[PDB]
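Protein chains in written order, with this note's numbering: chain A, 1 to 285; chain B, 1 to 289; chain C, 1 to 289; chain D, 1 to 286.
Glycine included, C-beta positions come from ideal geometry on N, C-alpha and C.
Notes follow the structure.
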């Protein structure tokens with residue numbers, strides 16, 4: 001059990017080609033375990049902006065409209081406290097029975113746009129179904145992805161799904177996340193998409209990975225192995241990227257620049273990573 | 001604007017039978033929904049032989065789920081009956097020239113612009129724009145989508161499965177109501193029109209079954225559409241709405257079980273039932289509210 | 001070197017019955033092939049009632065097709081019986097090459113390096129390299145492919161259809177012999193190993209049926225492989241080879257008809273038939289020639 | 001009607017070779033009863049041993065060579081070619097030639113292939129085109145549908161793209177237009193095959209792909225891109241689809257630096273031809 005402090009930042013610049021509405025998701029989330037000490041959102045030129053959330057409330061969206069032949073920039077900066085628990089997984093030998101799951105966990109057993117878990121049940125069972133420990137099973141999924149999918153910039157696009165990546169064997173963090181989720185759900189393990197800022201991510205960027213519901217806790221997993229698991233600051237969780245796009249654009253516009261940063265404010269940061277030989281899960285709670 | 005309001009009274013029933021082969025958990029979606037416009041006068045759920053059952057909803061609250069677990073080599077039957085009151089409006093659509101702006105949409109409408117498991121609207125933008133993009137009136141555009149589907153997709157029992165999506169149906173050109181609903185939704189979303197999946201009991205549906213169609217958000221109202229043209233629109237009793245069938249399955253099975261029997265019926269109890277059907281030349285939309 | 005079998009003698013039979021819904025043309029592929037190594041001592045083909053029938057082959061000559069037309073709302077049966085000898089070599093593979101020398105292959109082998117309808121080898125290159133790329137000799141590579149399929153794809157009747165391809169089976173992980181053959185072929189071609197589809201009658205196949213597997217071109221010989229492991233490899237009587245099932249369908253149906261009865265049988269006429277199977281630890285390839 | 005013409009064709013490509021690589025190229029003009037090569041020249045620099053071969057079907061001339069690691073080479077093909085086409089009345093093509101009457105060598109072109117999943121498009125093709133009586137008018141309706149409904153966009157597709165993809169994607173280049181026309185023909189039980197060639201008046205100059213359908217005993221040329229006069233084509237290959245007619249099949253690791261194609265007419269009275277909807281005339285290279 002540890003508490004961490006971070007300073008996060010993103011800014012994005014767009015050239016707008018025709019009348020365009022934007023929905024962004026860059027704000028740190030406020031949860032019981034994650035607190036924002038201070039934040040600031042600035043757009044230049046100054047355009048009216050509104051924050052809203054879905055009923056689920058696991059992301060903070062901001063929306064605005066911009067007129068044609070125009071450019072603007074949005075800058076977000078915040079100081080955030082996170083905490084996590086490291087939870088022993090030794091006795092995680094059966095999934096929480098479906099009849100006992102909280103009502104709001106249930107949707108995370110179901111297929112979603114980028115996570116066609118209903119097409120991967122036999123595959124997931126053939127590959128991972130013999131692994132008795134639930135945590136070990138999800139970890140094996142994550143290790144299989146790391147070892148069998150190449151991390152290749154530009155190999156995929158926003159249409160790419162888990163069902164594609166499982167045969168294409170190339171992708172980026174969004175695709176690694178969707179694939180882990182689909183394989184978990186295929187084994188009846190609730191799983192959700194997680195986006196955030198990531199300390200030590202190089203080159204710095206928004207990051208996507210996932211959480212699996214094991215023994216009553218959401219446990220973080222990241223098949224890319226790009227980032228220490230304790231360096232993440234949560235932006236959103238949801239079913240998949242459909243619920244957590246950095247920017248949804250209704251109109252014609254493209255980004256001309258983007259910067260993302262996450263810095264620790266703790267003096268002596270020590271990275272946490274998973275290992276096959278250790279039955280310990282990290283949970284943001 | 002102009003609208004007519006109508007109140008309707010129905011009797012609805014469903015029963016399903018399962019053979020269970022392994023330890024199995026079920027989540028069912030058979031209950032009529034309680035909303036501001038739809039009232040359940042009475043209902044009974046019976047599982048024979050009696051198993052422990054629990055009702056629950058997602059946070060969104062647009063469906064009533066019930067879950068029970070079964071032991072291996074069991075046979076059980078579940079029965080639902082209710083008498084339900086519905087209301088709807090018939091709303092003038094002549095002035096619906098533009099979609100409500102995305103900046104002005106309520107937070108809880110926004111998710112219905114996005115692709116979902118069975119509605120890959122992000123893959124159908126070009127196709128959708130070519131076919132329908134020049135149609136000026138939003139309602140007429142959705143009705144054109146609905147009419148295109150009826151005329152170009154064949155209704156065939158057993159042609160699809162639970163894996164089938166809008167993206168498949170667009171090339172397969174055959175399906176049942178679930179596929180017709182998914183495709184209408186995907187084509188609406190491809191054109192930046194919010195749309196959602198609707199399931200319910202359907203009066204005059206032959207052969208009697210659960211029915212699925214869709215609603216599109218036009219001028220601040222969810223307007224119902226059904227590309228199968230199988231049922232009078234005013235004869236529907238709402239079970240659920242959601243992004244697609246992932247959010248509104250009749251039964252999600254965790255284990256190994258198969259249905260052997262299904263009966264679903266819906267009857268009008270009003271003194272005079274008058275079927276409501278769209279006509280291309282009538283710019284009026286039916287809305288359950 | 002190679003070991004040469006004695007002449008293997010078999011009696012083969014198939015019969016099929018169709019109900020014809022509309023005017024329909026059939027192209028069947030049921031005759032045993034005549035090759036330098038496989039001889040038909042006797043054959044008989046009976047259509048009930050007698051319908052005019054013509055045998056033809058493609059330019060390639062690796063299948064014997066027969067075609068007939070049938071009128072709407074009728075039924076017919078076709079019965080094929082033959083006595084056939086085959087011979088095979090068992091070829092040591094211990095000196096297997098690191099790769100297939102593409103620049104030196106006979107021109108008639110080259111086509112079997114390319115993707116086909118049911119074998120999308122071009123979509124499976126990264127996957128095949130990831131899974132099998134480290135294995136150092138061609139024979140061992142194909143055998144590993146064959147063993148991987150047996151171990152990771154379930155044999156399930158009725159789980160697939162004629163549209164199913166290698167690209168589907170690689171994620172679906174269930175199929176019947178046609179699917180196992182297409183997947184072995186796709187994975188071989190993905191690794192630059194020529195491979196082709198093989199159909200035949202199969203001694204000791206239970207339940208009795210037409211059988212499909214594949215052959216890879218290794219060290220100048222077509223070596224047979226069967227990832228289902230259902231049949232002794234030396235019990236096969238060849239019907240056709242081609243790129244995939246598009247070139248070797250049991251029945252291609254132009255119109256509307258479905259089969260109502262089907263029987264396939266193969267029996268050895270030899271005194272002491274001893275089954276040949278591969279073991280991962282024998283570098284030996286069976287080849288029909 | 002019959003007409004002939006003369007063309008000078010040329011292609012050259014340069015490769016950088018990373019690891020030991022074998023190439024199979026298909027750039028040569030075909031020799032057919034119809035098409036005659038007056039002269040041709042193939043030069044590779046630096047000279048690498050090169051061998052010409054054909055498949056049993058003989059509808060393409062391939063050349064193959066192997067290059068060693070860390071080298072570059074250039075290949076240059078030049079030829080002078082005569083082509084002839086017939087213009088064939090299609091007014092009486094009211095039914096497809098019965099499958100029972102088709103020659104054995106036509107039959108394979110009824111079947112699905114890698115890039116032409118005609119088995120998955122049967123209902124769609126019937127719903128869209130099935131009521132058109134004349135077989136030529138039906139293929140023309142397919143080509144016009146493709147032209148009007150699929151955007152020609154460079155770089156929108158790749159070598160894995162198929163007719164089944166294009167039907168929903170609604171964008172592609174000539175290879176995709178060719179595969180989709182073929183898949184739709186086969187879905188309607190009309191034999192169809194892929195055609196590659198040099199193309200006069202193609203701008204920018206390049207290899208071109210289209211298709212032919214077997215109608216009433218003749219292979220009739222179609223091109224849904226409408227980019228080129230149909231009588232400006234010099235045939236390189238025919239096959240079931242692009243899997244049988246790749247410009248370059250590469251076994252190893254190498255990338256093309258540059259590819260330059262030219263097709264010039266050697267007649268000064270070239271008149272470019274395309275199809276009109278209400279005329280029932282087909283062009284056939286035979």
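Query                                                                                                                 : Result
Bounding residues of the alpha helix (DSSP H) (the contiguous stretch that carries residue 212 of chain D)            : Per DSSP, residue 212 of chain D belongs to no alpha helix (DSSP H); it is in the beta strand (DSSP E), 207–215.
Sequence-distant residues of its chain with Cβ nearer than 6 Å to residue 65 of chain A (five each side left out)     : 21
Proximity test, Cβ basis, 9 Å: residue 118 of chain A and chain B                                                     : yes
Chain-ordered neighbours of residue 121 of chain A on chain B, where CB pairs are closer than 7 Å                     : Going along chain B, no residue has its Cβ under 7 Å from residue 121 of chain A, so there is no contact; the nearest lies around 10 Å.
Which residues DSSP lists as bridging residue 39 of chain A, in chain order                                           : A/78
Alpha-carbon to alpha-carbon, residue 87 of chain D and residue 42 of chain C                                         : 50 Å
C-beta neighbour in chain C for residue 113 of chain A, strict 9 Å                                                    : no
Below-9 Å beta-carbon distance, residue 129 of chain D vs any chain B residue                                         : no
is_contact[residue 56 of chain D, chain C] using C-beta, thresh 9 Å                                                   : yes
Interface positions of the region 155–181 of chain D facing chain C (Cβ-Cβ less than 7 Å), listed along the chain     : 159, 160
Contact list for residue 259 of chain B against chain A, beta-carbon separation under 8 Å                             : Result: empty, since nearest Cβ-Cβ is about 17 Å, beyond 8 Å.
Option nearest residue 236 of chain B by Cα separation, candidates B/216, B/226, B/201                                : B/201
Three-way DSSP call (helix, strand, coil) for residue 290 of chain B in this model                                    : Outside the shown range of chain B, which is 1 to 289, sits residue 290 of chain B, and nothing can be said about it.
Short CB-CB distance (under 9 Å) between residue 111 of chain C and chain D                                           : yes
Positions along the region 182–205 of chain C whose CB lies within less than 7 Å of some CB in chain D                : 192
Separation of residue 191 of chain D from residue 179 of chain D, as counted between CA atoms                         : 13 Å
Status (buried if at least 16 other CB within 10 Å, exposed otherwise) for residue 90 of chain A                      : exposed
Boundaries of the beta strand (DSSP E) in which residue 16 of chain C is found, first to last residue                 : 8–20
Backbone CA spacing between residue 175 of chain A and residue 148 of chain A [nearest angstrom]                      : 13 Å
Candidates A/173, A/155, A/101, A/136: closest to residue 146 of chain A by CA position                               : A/173
Beta-carbon spacing of residue 245 of chain C, residue 197 of chain C below 9 Å                                       : yes
N-terminal and C-terminal residue of the alpha helix (DSSP H) that residue 127 of chain A is part of                  : 121–128
DSSP-derived helix/strand/coil call for residue 265 of chain B                                                        : strand
Under 8 Å by beta carbon: chain B residues contacting residue 149 of chain D                                          : 130
Interface flag, residue 206 of chain A vs chain B, CB-CB below 9 Å                                                    : no
Assumed close pair residue 135 of chain C, residue 126 of chain C - CB separation to whole angstroms, cut-off 8 Å     : So it is not a contact: roughly 16 Å between Cβ atoms.
Rounded C-alpha distance that separates residue 1 of chain A from residue 264 of chain A                              : 17 Å
Test: residue 64 of chain A CB closer than 9 Å to a CB of chain B                                                     : yes
9 Å Cβ cutoff met for residue 204 of chain D and residue 263 of chain D                                               : no
Under 8 Å (Cβ pairs) to chain B, residues found in the region 6–29 of chain A                                         : 21, 23
Cutoff 9 Å: residue 44 of chain B Cβ touching any chain A Cβ                                                          : no
Proximal residues to residue 217 of chain C (C-beta, below 6 Å), its chain only, five neighbours per side dropped     : 109, 194
C-beta neighbour in chain D for residue 219 of chain C, strict 9 Å                                                    : no
Local conformation of residue 191 of chain C per DSSP, three classes                                                  : coil
Segment contact flag, the region 99–116 of chain D with the region 115–125 of chain C, C-beta cutoff 8 Å, min 3 pairs : yes
Closest by C-alpha distance to residue 49 of chain D, when choosing among D/55, D/75, D/221                           : D/75
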